[PDB]
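Below you'll find the structure, written out as structure tokens, and then a few comments.
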Ligand SMILES: Nc1ncnc2c1ncn2[C@@H]1O[C@H](COP(=O)(O)OP(=O)(O)O)[C@@H](O)[C@H]1O
Ligand SMILES: Nc1ncnc2c1ncn2[C@@H]1O[C@H](COP(=O)(O)OP(=O)(O)O)[C@@H](O)[C@H]1O
Ligand SMILES: [Mg+2]
């Protein structure tokens, strides 16, 4: 049964690609968790910021990457593979803008990244990148958009999603959340994201242990909240 | 196109007004029009017109003649599909008219051709009709065989909700008739009720009735009320539902007075239904037997009058029932009509010794015959 | 074991992958070809005949390569498709270069050469397709050819491949008259041998497709027989069997 | 013969390419999909049931257009479906550029089957773990085909692939008639999916596309809801 | 909440009308106090905690089929009242297929008069299969 | 003197105190399967005169095949409870052992024990392990498993006609297994145990919940009418989980909310699914 | 004729199943239709049921 799990191109007798599943398991090897919530007029990503050393430059530990002035991404999994996929996505966005004039939709960013991942899955040349990408962007005529891209090459839009070690619990908490109809304001969206992360981690969430990226209809620019804004959101959440 | 619609609407209005001779004349007059139109359309129209003619209560006796003349017309025009449709509806009419023997004959003479032809829906309908008339003729094994054949053919085609509901009805009826397992009869009746409800057909209420009847036969009458207060059952709540409710209440209270009162009140809904009437009579007889045994344990020489007072029936009915139980090797005792008593005793075993002694006497009678076969050699 | 790769010689000098492809040909549907005076025909069984399968190509086993050539097919579906397309390409390249139809045999050799390549170069599985060729040219007239997954080919007058190929070839050996066989007799022989080889009885026509090749006023018409003529061929076979029953 | 289940370029001693059969098993373990051809056109329906409400139903569409008159649904792996869709669209555009006429359905099916075959003729590359059901309309006639990872394409009148495909086929041959219409086709396809659909058919849980004379169009969720109400 | 009801109040299950829950998996890293928790609750109810040390309780072990079943049943529950555990905490939770079928046959469903409560504490979550997730 | 035969549990030999205590009443809605199994292994041991009258040699082997958790093992239990013969229960995993030649030895020992304690019924449980197709074997393990299958075939229908014993087998697929085992001589009857439908599911719900406290507002039909394809094991799991949910909230009467929660919990069977196989 | 190439034990099974139909109908005789449908039950063949697999070999 499990003797077919050494080459990504080998189908198991049950029709399962085990190497892709192993990349999915490697997604959790980063040890962190990221949650994305799409509000009525904004999208928000919050990721764990684990700096287990006073010597690290906390500025460069960021897992939030700006793929394009309007499209932001949060990475989960191995850091090197995630950064490689980030540069690939940035190059794809630049190529789209150069070849078609207008800015690439987040739809196409995740679609192209998933296509590259699938090509790596079908041709046994490169090991699949065990990094999950979550892209947020204000796509005109559709509002905010949040998309998730996996090592398998399956890209999907989400009202709210999560990735990392605590993915099932965060997704369950969000599923409990997005069901009770509510005014998904920007503050409400950040509140939902932070509450998801705190509930699944049971952490008091000092402002330096998390990173928040924000895109809004009012300003369709990928913005990373400063520590003061994180503190303000946390104290608003507590009361 | 216009002519067909006008004919069908005129037939519907006439059936609403009920002029059987006029409808028959219209059907005869539209016969030349059938050749001028297509085949399936003409079959659909003839089926609709005959259904409208037959549905009304104008039991003038010309229904069978009209069906036979339609069949002879179809044979003249060699329209086999419509011909088999007329035969199937004629079998149904014969079954509904209590003319079971000719229904059986027509079904038997048609089933061969309907097996040859691939129209398996008509074959399923005819097999169900054969099972129905066999059950109405008390030939339970043959009805079960016909129903099983109908189910085997049904699990090879798309059964419409009406056909599936009829299938479940007949399966539940057959299972109820064989009084050995009532849970599956209840399940099949519930399936038929759901299927009939999905199409808002009238027979759905009958299904409900049978389900309630089933819930009484597993001596769990309370659920009958719980079945009446169900989402699908509120719509069908009526006189029949309250009839079965009070019958279930009488069964729960073990009261034959209440049982007879319920039977007398809703005589239209408890005696006009052969299945309901038969099963309720069986249940009443069993309840009478059980109560008679219950009130007979303490006494030894109680009079019939005291038992009649205890169980609240007539003296003659109690005496006849007691004689039946005594004759049928039920509770041991002998009635003394001279003074009025039913004595009870302990039925001495049989004295196995004497029976074995008789067997040994027979055995050595055989041995003596064998010795008579011997001793011929001097 | 010496069967992991197509390019590994067994210690006895046997290419086990090639033999595996040859034996795998037996899984393919029965397709038969008979040569006869002024004609040459192929017949094939439709195999998968499910009622929900629309029949829109009408030639799922018979293909027309050139103007005066046709081929049967028995093997992997994809390999058969690519082999037939490449046969058509070779024939059209020859026609473009020489402005003359390719003389049958050469075409076979051409395709066969390519098949041989897949049995020699590494990293390529042998073409698990064997196919019959019928044709006519200006050199040897009507010709019937047999191909193998190994790329070996041979001229034949009557031969079959696929399911129950041995029984069909034995029946053809028994009931073939060299020199004095016509198109009608060849069709009757094909029908009877298909009936005997196909385990299904009465040999229902829609389960069998027959394509004939005949020369008509210098036009080398290639016909695929519609169902209607196969009905009357089956009826003819049934009535001959009934007449042969008269001996009892 | 487990020793021959790894190489895509190695015949088993029984002459079976086992890896292609494993790809077909992966196909059969996919989401149920049905495709039925009526005298008015073709209908392709599929179950787009997400794992949770979080997934955006309208983000990705399973039933996709290839040309104005050709549509195509799938059963099997998801990511390979997009690659096959892109290659089918590119082949259609190439045919249009060469011949100035929209590609016939049979020709597109043949070219797509060849493309799928290209991934089964070499080691180190995996066969497309998806099966394609392609609808088209040409010459006043509906066309429905199924292309497989093996590169084999047939001309299904009515079929179902994916989970409980045997149940879908068994439901067919009963509710399917060659003289139906596009509306009856839609109803029959929805019922066939209902035979293998777990839960309520929410309008966002089912994707249906119609290949009629006017071309191929994926049904909007409003029409899907209307048809579901007409059926249930 | 999982165990005290079968010990203290077995009659509530009859009140509702359901067989007591047998398989309770306290899965987690070894050496974190799983058996310590079990001994703590056992001492809270002073019930004899017969943790399985394989010998006289091995069931799935394919060396012997039914004699091992006999030892599993008779040694515990019958002789010693109740409260069981198991060793090789992650071995059976994770011929291997036949071993799993025999495990399912061993554990499937037994008489509740005699307690063979399988409080397992497997060390890892990935060492599980859906064949055991049934209540 | 001669001591009385000391025949005991031996291998299994289900004793009168070891009956599974499951009756046909405890089974909800397996009418066709119940009828076939009763005609095969219960009717011959009681009403053999009918078989002699027709002269048909009543069957010796039946196999129940269907999705797991559909009631095959429980039906075997019910047959065991309501039998007058000597029941023997064994799974197709206890046969496969180390020390080659113990599997076939176990098979022949079981069949000899059944012959000695005639009449007897042997319920061979899950059999996909050893009944698989006898393809060309090239290893010791393959040779031994095919040896086990061959011994099973020889014991079931061989030179030594057993007579007065019955063999019952269970399988999930029935597409596998050697045609020699599926021979009409060996396994005469092949009963299918499909997933319960709207009818069978209603009977299963009524049977399982006929013991539970339930409540007036609990309408099982709302759960029967759901189009989800769930098995009898799933029905039992739903009922037990609903009862546990009611108990946890300290309630002696099962309400509809806990039923809905348990049904939603049990229905969820995707787990991960990796969302690309689908 | 209705048994095209059985095993011989399948014939005995056919007779046994015809007798079983007679028993289930509580009769002692056996009819021709009974024998034919018993043949149909005993001749139960398991096809591939996957046209994708069957169409691999053209
Ligand atoms: N909560 C705790 N308090 C005190 N000691 C503990 C606690 N948890 C674990 N320990 C210590 O760690 C060890 C736990 O081992 P245990 O979890 O029983 O391993 P296993 O479950 O594999 O037998 C014991 O030796 C115990 O002394
Ligand atoms: N018809 C039914 N009525 C009541 N309970 C059932 C029914 N079918 C299955 N079950 C429940 O599901 C379980 C099935 O167990 P088992 O017989 O081992 O399944 P299988 O034999 O299919 O593996 C039983 O414990 C029983 O409680
Ligand atoms: Mg079981």
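Note: ideal-geometry Cβ built from the backbone for every residue, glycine included; neighbour counts use all protein chains shown. Read the figures in this text as sums done on the coordinates, not as results from a lab.
In segment F:39-76, how many residues are in contact with a helix residue (DSSP H, G or I) (Cβ under 8 Å, 6 or more places away or on another chain), more than 9 Å from every other protein chain (Cβ to nearest Cβ) and away from ligand 3 (no atom under 13 Å from the Cβ)?
Adding up the residues that qualify gives 6.
Identify all residues within segment F:83-94 that are within 14 Å of chain E (Cβ to nearest Cβ), more than 10 Å from ligand 3 (Cβ to nearest atom), touching a strand residue (DSSP E or B) at 6+ places or on another chain (Cβ under 9 Å) and in a loop (DSSP other than H, G, I, E, B); write none if there are none. Outline the logic, then answer.
Looking only at segment F:83-94, we keep the residues that are within 14 Å of chain E (Cβ to nearest Cβ), and these are F:88-94.
From what is left, the residues that are more than 10 Å from ligand 3 (Cβ to nearest atom) are F:88-90, F:92-94.
Within this subset, residues satisfying the condition of being touching a strand residue (DSSP E or B) at 6+ places or on another chain (Cβ under 9 Å) are F:88-90, F:92.
Hit for segment F:83-94 is F:92, nothing else.
Among what's in segment C:90-113 and is touching a helix residue (DSSP H, G or I) at 6+ places or on another chain (Cβ under 7 Å) and closer than 27 Å to residue C:23 by Cβ, pick the residue that is nearest to the other protein chains (Cβ to nearest Cβ). Step through it out loud before you land on a result.
Step one: list which residues in segment C:90-113 are touching a helix residue (DSSP H, G or I) at 6+ places or on another chain (Cβ under 7 Å), which gives C:90-91, C:101-102, C:107, C:110-111.
Checking which are closer than 27 Å to residue C:23 by Cβ leaves us with C:107, C:110-111.
Numbers: C:107: 20, C:110: 20, C:111: 16 Å.
Filtering segment C:90-113 for residues that are touching a helix residue (DSSP H, G or I) at 6+ places or on another chain (Cβ under 7 Å) and closer than 27 Å to residue C:23 by Cβ, the one nearest to the other protein chains (Cβ to nearest Cβ) comes out as C:111.
Looking only at segment B:112-126, count how many residues are in a helix (DSSP H, G or I) and more than 14 Å from chain G (Cβ to nearest Cβ).
Narrowing segment B:112-126 to residues in a helix (DSSP H, G or I): B:112-116, B:120-126.
Still in the list and also more than 14 Å from chain G (Cβ to nearest Cβ): B:113-114, B:120-126.
Here the count works out to 9.
Exactly one of these conditions fails for residue C:116: (1) touching a strand residue (DSSP E or B) at 6+ places or on another chain (Cβ under 7 Å); (2) more than 7 Å from every other protein chain (Cβ to nearest Cβ); (3) in a helix (DSSP H, G or I). Give me its number.
That leaves (1) as the condition not met.
A quick yes/no check of all residues on (1) under 19 Å from residue B:132 (Cα atoms); (2) touching a helix residue (DSSP H, G or I) at 6+ places or on another chain (Cβ under 7 Å); (3) part of a helix (DSSP H, G or I):
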site: B:153; (1), (2), (3): yes, yes, yes
site: B:158; (1), (2), (3): no, no, no
site: B:168; (1), (2), (3): yes, yes, yes
site: B:181; (1), (2), (3): no, yes, no
site: B:185; (1), (2), (3): yes, yes, yes
site: B:196; (1), (2), (3): yes, yes, yes
site: B:211; (1), (2), (3): yes, yes, yes
site: B:234; (1), (2), (3): no, no, no
site: B:248; (1), (2), (3): no, yes, yes
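Step by step: first the residues of segment F:228-247, then only those that are at the interface with another protein chain (Cβ under 7 Å from one of its Cβ atoms) and more than 16 Å from ligand 3 (Cβ to nearest atom), then the one that is surrounded by the most Cβ atoms within 10 Å (Cβ to Cβ). Which residue is that? Let's see the steps before the verdict.
Of the residues in segment F:228-247, the ones at the interface with another protein chain (Cβ under 7 Å from one of its Cβ atoms) are F:228-229, F:233, F:237, F:240-241, F:243-244, F:246-247.
With the extra rule that they be more than 16 Å from ligand 3 (Cβ to nearest atom), the set shrinks to F:228-229, F:240-241, F:243-244, F:246-247.
Working: F:228: 15, F:229: 18, F:240: 20, F:241: 20, F:243: 27, F:244: 21, F:246: 25, F:247: 21.
Among those residues, the one meeting the criterion is F:243.
Hey, can you tell me all the residues within segment C:160-180 that are surrounded by fewer than 20 Cβ atoms within 10 Å (Cβ to Cβ) and at negative phi?
The answer is C:166, C:167, C:169, C:170, C:173, C:174, C:175, C:176, C:177, C:178, C:180.
Among E:78, E:111, which is the only one that is within 14 Å of chain F (Cβ to nearest Cβ) and under 21 Å from residue E:8 (Cβ atoms)? Walk me through how you get there before you give the answer.
Values: E:78 fails: under 21 Å from residue E:8 (Cβ atoms).
Within the list E:78, E:111, the selection yields E:111.
Would a scan of segment E:117-129 turn up a residue that is assigned to a loop (DSSP other than H, G, I, E, B), within 14 Å of chain F (Cβ to nearest Cβ) and either within 16 Å of ligand 2 (Cβ to nearest atom) or touching a strand residue (DSSP E or B) at 6+ places or on another chain (Cβ under 7 Å) (or both)? Spell out how you get there, then give the answer.
First, the residues of segment E:117-129 that are assigned to a loop (DSSP other than H, G, I, E, B): E:117-118, E:121-129.
Those left that are additionally within 14 Å of chain F (Cβ to nearest Cβ): E:125-126, E:128-129.
Narrowing further to those that are either within 16 Å of ligand 2 (Cβ to nearest atom) or touching a strand residue (DSSP E or B) at 6+ places or on another chain (Cβ under 7 Å) (or both): E:129.
Checked against the condition, which is being assigned to a loop (DSSP other than H, G, I, E, B), within 14 Å of chain F (Cβ to nearest Cβ) and either within 16 Å of ligand 2 (Cβ to nearest atom) or touching a strand residue (DSSP E or B) at 6+ places or on another chain (Cβ under 7 Å) (or both), segment E:117-129 yields at least one hit.
Go through the residues of segment E:35-58 one by one and say whether even a single one is within 13 Å of chain F (Cβ to nearest Cβ) and not in a loop (DSSP other than H, G, I, E, B). Give the steps one after another, and end with the answer.
First pass over segment E:35-58, keeping only residues within 13 Å of chain F (Cβ to nearest Cβ): none.
No, that holds for no residue.
Select from segment E:81-98 the residues that are within 14 Å of chain F (Cβ to nearest Cβ) and surrounded by 16 or more Cβ atoms within 10 Å (Cβ to Cβ) and write down the one among them that is nearest to residue F:97 (Cα to Cα).
Step one: list which residues in segment E:81-98 are within 14 Å of chain F (Cβ to nearest Cβ), which gives E:92, E:95-98.
Okay, now just the ones that are also surrounded by 16 or more Cβ atoms within 10 Å (Cβ to Cβ), so E:92, E:98.
Numbers: E:92: 17, E:98: 10 Å.
Checked segment E:81-98; the qualifying residue nearest to residue F:97 (Cα to Cα) is E:98.
Mind checking whether some residue in segment E:84-93 is more than 19 Å from residue E:31 (Cα to Cα) and out of contact with any strand residue (DSSP E or B) (no Cβ under 8 Å at 6 or more places or on another chain)? Please lay out each step first, then the result.
Residues of segment E:84-93 more than 19 Å from residue E:31 (Cα to Cα): none.
No, segment E:84-93 has no match at all.
For the condition more than 12 Å from chain C (Cβ to nearest Cβ) and within 13 Å of the chain's Cα centre (by Cα), what is the one hit in D:140, D:76, D:136? Steps first, answer last, please.
Working: D:140 fails: within 13 Å of the chain's Cα centre (by Cα); D:136 fails: more than 12 Å from chain C (Cβ to nearest Cβ).
So the residue among D:140, D:76, D:136 that is more than 12 Å from chain C (Cβ to nearest Cβ) and within 13 Å of the chain's Cα centre (by Cα) is D:76.
Yes or no: residue E:17 within 16 Å of ligand 2 (Cβ to nearest atom) and away from every other protein chain (no Cβ under 11 Å)? I'd like the intermediate steps shown before the answer.
On the way: within 16 Å of ligand 2 (Cβ to nearest atom): yes; away from every other protein chain (no Cβ under 11 Å): no.
For residue E:17, the condition - within 16 Å of ligand 2 (Cβ to nearest atom) and away from every other protein chain (no Cβ under 11 Å) - is not met.
May I ask you to say which residue of E:84, E:92 is touching a helix residue (DSSP H, G or I) at 6+ places or on another chain (Cβ under 6 Å), farther than 24 Å from residue E:40 by Cα and within 16 Å of ligand 1 (Cβ to nearest atom)?
Working: E:84 fails: farther than 24 Å from residue E:40 by Cα.
So the residue among E:84, E:92 that is touching a helix residue (DSSP H, G or I) at 6+ places or on another chain (Cβ under 6 Å), farther than 24 Å from residue E:40 by Cα and within 16 Å of ligand 1 (Cβ to nearest atom) is E:92.
Take the residues in segment A:1-30 that are more than 8 Å from chain D (Cβ to nearest Cβ) and touching a strand residue (DSSP E or B) at 6+ places or on another chain (Cβ under 8 Å); name whichever of them is surrounded by the most Cβ atoms within 10 Å (Cβ to Cβ).
A:30
Taking segment D:21-45 as the region of interest, how many residues are within 13 Å of chain C (Cβ to nearest Cβ) and surrounded by fewer than 24 Cβ atoms within 10 Å (Cβ to Cβ)?
Of the residues in segment D:21-45, the ones within 13 Å of chain C (Cβ to nearest Cβ) are D:21, D:23-24, D:34-39, D:42.
The next check asks that each one be surrounded by fewer than 24 Cβ atoms within 10 Å (Cβ to Cβ); those that pass are D:21, D:39.
Of the residues in that region, 2 qualify.
Looking only at residues in segment F:164-191 that are within 13 Å of chain G (Cβ to nearest Cβ) and within 16 Å of ligand 3 (Cβ to nearest atom), which one is nearest to the chain's Cα centre (by Cα)?
So, considering only residues that are within 13 Å of chain G (Cβ to nearest Cβ) and within 16 Å of ligand 3 (Cβ to nearest atom), the one nearest to the chain's Cα centre (by Cα) is F:171.
Just to confirm my filter: which helices (runs of 4 or more DSSP H) fall fully inside chain G and include at least 1 residues that are under 13 Å from the mean Cα position of the chain (by Cα) and within 8 Å of chain F (Cβ to nearest Cβ)? Give the derivation first.
On the way: elements: G:9-24, G:32-42, G:51-54.
Those helices (runs of 4 or more DSSP H) span G:9-24, G:32-42.
Just the residues that are surrounded by 14 or more Cβ atoms within 10 Å (Cβ to Cβ), on the phi < 0 side of the Ramachandran plot and in a loop (DSSP other than H, G, I, E, B), please, taken from segment C:9-54.
C:15, C:28, C:29, C:30, C:37, C:46, C:48, C:50, C:52, C:54 - these are the residues of segment C:9-54 that are surrounded by 14 or more Cβ atoms within 10 Å (Cβ to Cβ), on the phi < 0 side of the Ramachandran plot and in a loop (DSSP other than H, G, I, E, B).
Of all the residues that make up segment B:60-106, how many are outside any helix (DSSP H, G or I) and under 20 Å from residue B:27 (Cβ atoms)? Walk me through how you get there before you give the answer.
Kept after step one, since they are outside any helix (DSSP H, G or I), are these residues of segment B:60-106: B:60-62, B:78-79, B:97-99.
With under 20 Å from residue B:27 (Cβ atoms) added as a condition, the list becomes B:60-62, B:78-79, B:97.
Going through segment B:60-106 one residue at a time, the tally reaches 6.
Test each condition in (1) closer than 24 Å to residue C:48 by Cβ; (2) surrounded by 14 or more Cβ atoms within 10 Å (Cβ to Cβ) for residue C:202 and report the one that comes out false.
Only one criterion is unmet by residue C:202, namely (2).
Go through (1) within 23 Å of residue C:141 (Cβ to Cβ); (2) assigned to a helix (DSSP H, G or I); (3) out of contact with any strand residue (DSSP E or B) (no Cβ under 7 Å at 6 or more places or on another chain) and name the single condition residue C:103 misses.
(2)
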